[PDB]
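Source file structure_32.cif; content: mmCIF, C-alpha atoms.
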```
data_my_file
loop_
_atom_site.label_atom_id
_atom_site.label_comp_id
_atom_site.auth_asym_id
_atom_site.auth_seq_id
_atom_site.Cartn_x
_atom_site.Cartn_y
_atom_site.Cartn_z
CA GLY A 1 0.35 -38.67 -37.57
CA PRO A 2 -2.69 -36.50 -36.67
CA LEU A 3 -0.77 -33.28 -37.25
CA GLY A 4 -1.70 -30.93 -39.99
CA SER A 5 -5.39 -30.72 -39.46
CA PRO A 6 -7.78 -29.85 -42.34
CA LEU A 7 -7.78 -26.11 -41.96
CA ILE A 8 -11.14 -25.97 -43.60
CA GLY A 9 -13.32 -28.54 -41.94
CA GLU A 10 -15.42 -29.04 -38.89
CA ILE A 11 -14.73 -27.56 -35.55
CA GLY A 12 -14.94 -29.94 -32.73
CA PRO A 13 -13.41 -30.66 -29.30
CA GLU A 14 -10.21 -31.83 -30.98
CA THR A 15 -9.83 -29.35 -33.77
CA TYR A 16 -10.76 -26.10 -32.09
CA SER A 17 -7.64 -26.21 -29.96
CA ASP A 18 -5.54 -26.71 -33.08
CA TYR A 19 -6.90 -23.67 -34.82
CA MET A 20 -6.35 -21.83 -31.59
CA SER A 21 -2.82 -23.11 -31.55
CA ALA A 22 -2.35 -22.13 -35.19
CA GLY A 23 -2.03 -18.48 -34.20
CA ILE A 24 -4.13 -17.32 -37.10
CA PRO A 25 -7.83 -16.13 -36.82
CA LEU A 26 -10.55 -18.77 -36.77
CA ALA A 27 -13.68 -18.41 -38.71
CA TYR A 28 -16.41 -20.16 -36.81
CA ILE A 29 -19.23 -21.06 -38.99
CA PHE A 30 -21.99 -21.91 -36.63
CA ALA A 31 -24.85 -23.48 -38.39
CA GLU A 32 -27.99 -25.04 -36.91
CA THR A 33 -28.95 -25.81 -40.40
CA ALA A 34 -28.27 -29.36 -41.48
CA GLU A 35 -29.72 -29.00 -44.95
CA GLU A 36 -28.33 -25.77 -46.34
CA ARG A 37 -25.22 -26.54 -44.25
CA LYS A 38 -23.76 -28.03 -47.36
CA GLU A 39 -24.48 -24.88 -49.40
CA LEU A 40 -23.42 -22.63 -46.57
CA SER A 41 -20.05 -24.33 -46.37
CA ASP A 42 -19.90 -24.68 -50.13
CA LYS A 43 -19.58 -20.96 -50.65
CA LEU A 44 -17.24 -21.04 -47.76
CA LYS A 45 -14.98 -23.52 -49.51
CA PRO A 46 -13.67 -21.07 -52.25
CA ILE A 47 -13.74 -17.99 -50.09
CA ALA A 48 -11.65 -19.87 -47.57
CA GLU A 49 -9.48 -21.47 -50.15
CA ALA A 50 -8.42 -17.91 -50.78
CA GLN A 51 -7.34 -17.68 -47.19
CA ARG A 52 -6.52 -21.30 -46.49
CA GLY A 53 -3.26 -20.38 -44.91
CA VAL A 54 -4.39 -17.34 -43.02
CA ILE A 55 -7.81 -18.17 -41.59
CA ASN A 56 -8.97 -21.38 -39.96
CA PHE A 57 -12.25 -22.29 -41.51
CA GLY A 58 -14.25 -24.47 -39.34
CA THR A 59 -17.86 -25.23 -39.55
CA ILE A 60 -19.35 -25.86 -36.19
CA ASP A 61 -22.71 -27.18 -35.31
CA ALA A 62 -24.79 -24.45 -33.83
CA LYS A 63 -27.21 -26.88 -32.34
CA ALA A 64 -24.77 -29.03 -30.42
CA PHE A 65 -22.05 -26.46 -29.87
CA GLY A 66 -24.03 -23.37 -30.75
CA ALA A 67 -23.75 -21.86 -27.30
CA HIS A 68 -20.18 -21.04 -28.29
CA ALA A 69 -21.45 -18.43 -30.85
CA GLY A 70 -22.36 -16.12 -28.12
CA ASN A 71 -19.62 -17.13 -25.81
CA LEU A 72 -17.87 -14.91 -28.22
CA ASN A 73 -20.79 -12.51 -29.14
CA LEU A 74 -23.94 -13.73 -30.99
CA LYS A 75 -27.37 -14.31 -29.42
CA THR A 76 -27.47 -17.89 -30.80
CA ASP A 77 -31.12 -17.14 -31.59
CA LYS A 78 -31.12 -17.17 -35.31
CA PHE A 79 -29.90 -18.94 -38.55
CA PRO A 80 -26.10 -19.89 -39.05
CA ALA A 81 -23.88 -17.50 -37.25
CA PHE A 82 -20.56 -16.77 -38.81
CA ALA A 83 -18.16 -15.64 -36.14
CA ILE A 84 -14.56 -14.77 -36.77
CA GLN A 85 -12.52 -15.34 -33.71
CA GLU A 86 -9.24 -13.75 -33.49
CA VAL A 87 -6.61 -16.02 -32.25
CA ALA A 88 -4.24 -13.10 -32.29
CA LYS A 89 -6.34 -10.22 -31.12
CA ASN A 90 -8.79 -12.50 -29.19
CA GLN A 91 -11.44 -10.38 -30.85
CA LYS A 92 -14.54 -11.63 -32.37
CA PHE A 93 -15.60 -10.24 -35.74
CA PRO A 94 -18.97 -11.98 -36.22
CA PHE A 95 -21.57 -11.71 -38.93
CA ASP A 96 -25.33 -11.34 -38.45
CA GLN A 97 -27.38 -14.44 -37.84
CA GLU A 98 -30.31 -12.76 -39.48
CA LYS A 99 -28.75 -11.49 -42.61
CA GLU A 100 -27.60 -14.01 -45.26
CA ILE A 101 -24.64 -16.23 -45.61
CA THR A 102 -23.65 -16.35 -49.21
CA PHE A 103 -20.32 -16.58 -51.01
CA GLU A 104 -20.01 -12.98 -51.64
CA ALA A 105 -21.38 -11.85 -48.27
CA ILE A 106 -18.87 -13.84 -46.31
CA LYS A 107 -16.05 -13.11 -48.75
CA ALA A 108 -16.65 -9.41 -48.42
CA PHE A 109 -16.86 -9.69 -44.65
CA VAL A 110 -13.72 -11.81 -44.04
CA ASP A 111 -11.95 -9.58 -46.54
CA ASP A 112 -12.98 -6.47 -44.76
CA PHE A 113 -11.95 -8.13 -41.51
CA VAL A 114 -8.50 -9.27 -42.54
CA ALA A 115 -7.85 -5.91 -44.19
CA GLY A 116 -8.71 -4.16 -40.98
CA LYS A 117 -12.03 -2.69 -41.56
CA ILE A 118 -14.18 -4.85 -39.38
CA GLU A 119 -14.22 -3.73 -35.83
CA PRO A 120 -15.46 -5.18 -32.49
CA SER A 121 -19.25 -5.09 -32.93
CA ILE A 122 -19.72 -4.85 -29.15
CA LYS A 123 -17.71 -6.41 -26.33
CA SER A 124 -17.90 -4.62 -23.02
CA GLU A 125 -14.87 -2.46 -22.83
CA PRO A 126 -15.67 0.38 -20.48
CA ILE A 127 -14.47 3.92 -20.60
CA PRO A 128 -13.83 4.90 -17.00
CA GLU A 129 -12.88 8.28 -15.67
CA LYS A 130 -9.17 8.50 -15.98
CA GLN A 131 -6.81 10.92 -14.39
CA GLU A 132 -4.32 13.26 -16.06
CA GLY A 133 -1.43 10.96 -15.36
#
```
Write the structure described by the file as structure tokens, please.
Amino acid sequence: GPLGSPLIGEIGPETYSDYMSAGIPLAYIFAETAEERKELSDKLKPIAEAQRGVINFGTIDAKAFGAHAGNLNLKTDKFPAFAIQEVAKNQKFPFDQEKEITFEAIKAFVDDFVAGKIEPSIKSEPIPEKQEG
């Protein structure tokens, strides 16, 4: 059957819902780059192999479905945008689009995320005047 999707693969209209139904955080690798896409995802292969049962690693086209990068946070204005969507916390722990996606960079990031060090970079969550109780 079509069950048991490649947890590290490409995110598309079929697969995104599965990663979202997995219950575990989804690492959205938006990439408008078709050339270095291979390299980008190639560093992503081992770093995600390390977390192949805990994070959904999906590479998504940032040119066709790139709008989604900032439906979660990013400005969609720059080079591949690595965005970690929480399927549990609904949070979005995304990486810079203007930094560098390497093996180490992403590894360190996802590591620092899953450990609990990465925090919501923005996300409008207002602090209103509350009362005593």
Subject >> Near-segment 78-91 of chain A list (9 Å; all atoms listed in the file; drop same-chain fewer than 3 positions) as a ChimeraX atom specification >> reply: /A:19-33,37,40,55,59,61-62,66,69,72-75,94-101,106,110,113,119-120,123
**OP:** Identify all residues satisfying the PyMOL selection byres ((chain A and resi 9) around 10) in the given file; provide them as a list in words.
**Re:**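 Output of the PyMOL selection byres ((chain A and resi 9) around 10): residues 5, 6, 7, 8, 10, 11, 12, 15, 29, 41, 45, 56, 57, 58, 59 and 60 of chain A.
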Subject >> Nearest to residue 102 of chain A by atom-to-atom distance, counting only C-alpha atoms, from A:116, A:46, A:70, A:126 >> reply: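 Ranked by minimum distance to residue 102 of chain A, first place goes to A:46.
The spacing separating atom CA of residue 43 of chain A from atom CA of residue 2 of chain A amounts to 26.9 Å.
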Subject >> Between atom CA of residue 111 of chain A and atom CA of residue 18 of chain A, distance in Å (one decimal) >> reply: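 Atom CA of residue 111 of chain A sits 22.7 Å away from atom CA of residue 18 of chain A.
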Subject >> Shortest interatomic distance to residue 44 of chain A - which of A:92, A:131, A:4, A:109, counting only C-alpha atoms >> reply: A:109
Original post:
Interatomic distance between atom CA of residue 16 of chain A and atom CA of residue 64 of chain A?
Top reply: 14.4 Å
Box dimensions and centre (Å, one decimal) enclosing segment 25-44 of chain A, axis-aligned, 5 Å extra per side, as lines of an AutoDock Vina configuration file:
```
center_x = -18.8
center_y = -22.7
center_z = -43.6
size_x = 31.9
size_y = 23.2
size_z = 24.0
```
